[PDB]
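Working notes for the structure below.
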Amino acid sequence: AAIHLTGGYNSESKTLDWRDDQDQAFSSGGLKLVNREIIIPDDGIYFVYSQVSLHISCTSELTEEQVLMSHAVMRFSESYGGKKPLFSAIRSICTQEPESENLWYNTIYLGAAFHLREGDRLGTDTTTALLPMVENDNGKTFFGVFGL
Amino acid sequence: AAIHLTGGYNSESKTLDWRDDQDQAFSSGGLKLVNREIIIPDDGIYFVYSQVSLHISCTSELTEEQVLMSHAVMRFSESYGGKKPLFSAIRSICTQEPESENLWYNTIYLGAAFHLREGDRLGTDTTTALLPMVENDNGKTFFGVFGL
Amino acid sequence: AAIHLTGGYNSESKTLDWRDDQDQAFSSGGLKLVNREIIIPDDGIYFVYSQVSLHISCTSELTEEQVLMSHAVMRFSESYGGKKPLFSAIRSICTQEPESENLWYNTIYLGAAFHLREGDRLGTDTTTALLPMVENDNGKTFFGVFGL
């Protein structure tokens, strides 16, 4: 069971879109992509990881308002209506002086092993205000899971 | 054979206290937590990972004297003397303006495969001055090992 | 089948050199180092990871140049054209004010699962300007692959 997705920001849907048919993406052993969510085949331990790369416009009107870079993986269940934070990484953005603006680049990576159930659905959750700022080029942004 | 620990700052012992009994923590197949160290069950190859999440005050007075974000995994073995760094990561903290306020957030994540021996002990080594500021809200700070 | 390499800045040659015989480095099951490339034994899914650590003087010249930290893993395959980015991570460097110094420290870590073929070769690609400042001590800079 292994799966690696590449992702990008979409114009129509205001979301980060994962794909299993582009670049170095692949699906194997039951792990599969269904509506920007990874479906777990069986109960067991899986390693889950994600990266999101950003080019931030920054600038004073956007940084007097405080906005952090947050990248999380959310489980999904039919056994629960809401969502639960499997894990998340959070960083302060625009670590420099405002008027002098210039593009600021940063990447968040996290990975961990979890005790997941058959039928669990995993999706990502990145700061909505920074979504128009995600890169794709070559595996700059990805999502993947493998059975341990 | 896999272990996932969550950690928080312990105001009493003044240590990053890894636990296997909170959040998404689990121990399986022989890997276990004994006095802040992961004990290795058998000889073999293991993937080791750790994330530390910090919210730094930063100040002006806690600054100037250059303090760095450093997180490492140390290996203790019956095959040698004291401890050796399996790996470590380091970052410059507080890169925002001195007198200006706001809490600074930064996460550090490391993960690699290593050849280990039965009875081996893994522990973490994080910048002591920044320990009070570790953030253990739902596994933002974790330590885990799994056998390959 | 796993391999972990440590890396350092050659001074004689201006390159990031991977070593399979220093610190916690090891080779197992057919994964081997030939030049600065990891040779893949058989077809299959492999987890790939790499971390690079830098301490930069910083200055003003190379601040207004707006140079950024970039770390990528490239794949060489007969099944493809030239080299292709399995993944990459970019980061804004020196985010402090220039005239006052201290050295600026940062790290970039990447890891993901990929389907690779027998005879495939993996190498790294780091910002060539920053190569003089890669840390070679402990396990700050490394490259590794393991079969899933």
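Side chains included, hydrogens not; waters and symmetry mates left out as well; all remaining heavy atoms used. Here is how names work: the chains are called A, B, and so on, in the same order as the sequence lines, proteins then strands, and each is numbered from 1.
- Taking the six-membered ring for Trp and the full ring otherwise, the centers of C:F26 and B:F114 sit at least 6.0 Å from each other.
- Counting only residues at least two apart or on different chains, no disulfide bond (SG atoms under 2.5 Å apart) pair has a member in residues 100-148 of chain C.
- Within the structure, disulfide bond (SG atoms under 2.5 Å apart) pairs that include any residue of residues 44-134 of chain C comprise C:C58-C:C94 (at least two apart or interchain).
- For B:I90, the parts lying near chain C are the backbone and the side chain together; criterion is any non-hydrogen pair under 4.5 Å.
- Heavy atoms of B:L86 lying under 4.5 Å from chain C belong to its backbone as well as its side chain.
- Screening residues 102-116 of chain C for salt bridge (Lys or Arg N to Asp or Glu O under 4.0 Å) gives no qualifying pairs among residues at least two apart or on separate chains.
- Most heavy-atom pairs under 4.5 Å with chain B, from the set C:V145, C:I3, C:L103: that is C:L103.
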Could you list each donor and acceptor atom pair linking chain C to chain B at less than 3.5 Å?
residue, atom, partner, partner atom, Å
C:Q24, OE1, B:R75, NH1, 3.1
C:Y49, OH, B:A113, N, 3.1
C:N102, ND2, B:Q66, OE1, 1.2
C:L103, O, B:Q66, NE2, 2.9
C:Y105, N, B:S92, OG, 2.7
C:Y105, O, B:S92, N, 2.9
C:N106, OD1, B:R91, NE, 3.3
C:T107, OG1, B:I90, N, 3.3
C:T107, OG1, B:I90, O, 2.9
C:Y109, OH, B:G111, O, 2.7
C:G139, O, B:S88, N, 3.2

